[PDB]
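Participant: The structure follows.
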Amino acid sequence: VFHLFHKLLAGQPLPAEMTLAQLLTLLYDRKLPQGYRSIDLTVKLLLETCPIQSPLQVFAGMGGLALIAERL
């Protein structure tokens, strides 16, 4: 069995169905610098976490999509 680990989440195998958005949520909650170039995992041998907000989600949460619809 292969398990993915992150240094911030020390000594904790990551669930195989987490998806990278949820992992980014964890790492940002764990003080990983925002916009860090890459997710550095270790292949050795939390699913409820919300996915990180997409740019579209932020744009809509600021009401941008209503602005788009007024120009469609």
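Order determines the names: the first chain of the structure tokens is A, the second B, and so forth; residues in each chain are numbered 1 upward, and ligands are numbered 1 upward as they are shown.
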With a distance cut-off of 10 Å and only C-alpha atoms, select the neighbouring residues of residue 39 of chain A, excluding the residue or stretch itself and same-chain residues fewer than 5 positions from it, and output the selection as an NGL selection string.
Facilitator: :A and (6 or 20 or 23-24 or 27 or 32)
Participant: Mind dumping the selected residues with C-alpha atoms as a short mmCIF file (atom, residue, chain, number, x, y, z; two decimals), in the first residue's frame?
Facilitator:
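Output saved as out.cif:
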data_model
loop_
_atom_site.label_atom_id
_atom_site.label_comp_id
_atom_site.auth_asym_id
_atom_site.auth_seq_id
_atom_site.Cartn_x
_atom_site.Cartn_y
_atom_site.Cartn_z
CA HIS A 6 2.80 16.02 3.89
CA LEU A 20 -6.19 18.47 -4.04
CA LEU A 23 -5.51 19.17 0.76
CA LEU A 24 -4.86 22.82 -0.10
CA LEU A 27 -2.23 23.08 4.19
CA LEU A 32 1.46 26.73 4.20
#
Participant: Using atom CA of residue 17 of chain A and atom CA of residue 29 of chain A as the two end points, give the distance in Å to one decimal.
Facilitator: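 Atom CA of residue 29 of chain A lies 19.0 Å from atom CA of residue 17 of chain A.
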Participant: From the DSSP assignment of the backbone, select every residue of chain A that is alpha helix (DSSP H), and format the answer as JSON, numbers by chain.
Facilitator: {"A": [20, 21, 22, 23, 24, 25, 26, 27, 28, 29, 55, 56, 57, 58, 59, 60, 61, 64, 65, 66, 67, 68, 69]}
Participant: Can you write just those residues out, C-alpha atoms, as an mmCIF file, in the first residue's frame?
Facilitator:
data_model
loop_
_atom_site.group_PDB
_atom_site.id
_atom_site.type_symbol
_atom_site.label_atom_id
_atom_site.label_comp_id
_atom_site.auth_asym_id
_atom_site.auth_seq_id
_atom_site.Cartn_x
_atom_site.Cartn_y
_atom_site.Cartn_z
ATOM 1 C CA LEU A 20 -6.192 18.468 -4.043
ATOM 2 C CA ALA A 21 -8.586 21.305 -3.169
ATOM 3 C CA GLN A 22 -9.234 19.777 0.256
ATOM 4 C CA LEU A 23 -5.510 19.172 0.757
ATOM 5 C CA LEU A 24 -4.858 22.820 -0.104
ATOM 6 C CA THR A 25 -7.491 23.788 2.465
ATOM 7 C CA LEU A 26 -5.672 21.738 5.106
ATOM 8 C CA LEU A 27 -2.232 23.083 4.192
ATOM 9 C CA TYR A 28 -3.406 26.705 4.179
ATOM 10 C CA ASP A 29 -5.054 26.071 7.544
ATOM 11 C CA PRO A 55 -11.554 31.913 -8.571
ATOM 12 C CA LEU A 56 -15.081 31.624 -9.976
ATOM 13 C CA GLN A 57 -16.469 31.028 -6.484
ATOM 14 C CA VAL A 58 -14.798 34.180 -5.151
ATOM 15 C CA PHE A 59 -15.961 36.147 -8.200
ATOM 16 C CA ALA A 60 -19.543 35.005 -7.588
ATOM 17 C CA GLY A 61 -19.357 35.548 -3.826
ATOM 18 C CA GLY A 64 -19.614 39.196 -10.213
ATOM 19 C CA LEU A 65 -21.821 36.607 -11.898
ATOM 20 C CA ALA A 66 -24.864 38.873 -11.617
ATOM 21 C CA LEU A 67 -22.773 41.515 -13.384
ATOM 22 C CA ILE A 68 -21.982 38.990 -16.121
ATOM 23 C CA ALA A 69 -25.650 38.081 -16.558
#
Participant: Please return as an NGL selection string: the residues of chain A that backbone DSSP assigns to strand (DSSP E or B).
Facilitator: :A and (3-6 or 41-44)
Participant: Those same residues - C-alpha atoms - I'd like them written as an mmCIF file, in the first residue's frame.
Facilitator:
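Below is the file part.cif, written as the result:
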data_model
loop_
_atom_site.group_PDB
_atom_site.id
_atom_site.type_symbol
_atom_site.label_atom_id
_atom_site.label_comp_id
_atom_site.auth_asym_id
_atom_site.auth_seq_id
_atom_site.Cartn_x
_atom_site.Cartn_y
_atom_site.Cartn_z
ATOM 1 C CA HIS A 3 0.466 6.386 1.361
ATOM 2 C CA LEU A 4 0.866 10.100 0.660
ATOM 3 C CA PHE A 5 2.275 12.293 3.436
ATOM 4 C CA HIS A 6 2.803 16.024 3.889
ATOM 5 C CA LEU A 41 4.075 15.031 -0.869
ATOM 6 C CA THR A 42 6.063 11.944 0.111
ATOM 7 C CA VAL A 43 5.039 8.515 -1.208
ATOM 8 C CA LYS A 44 5.801 6.034 1.575
#
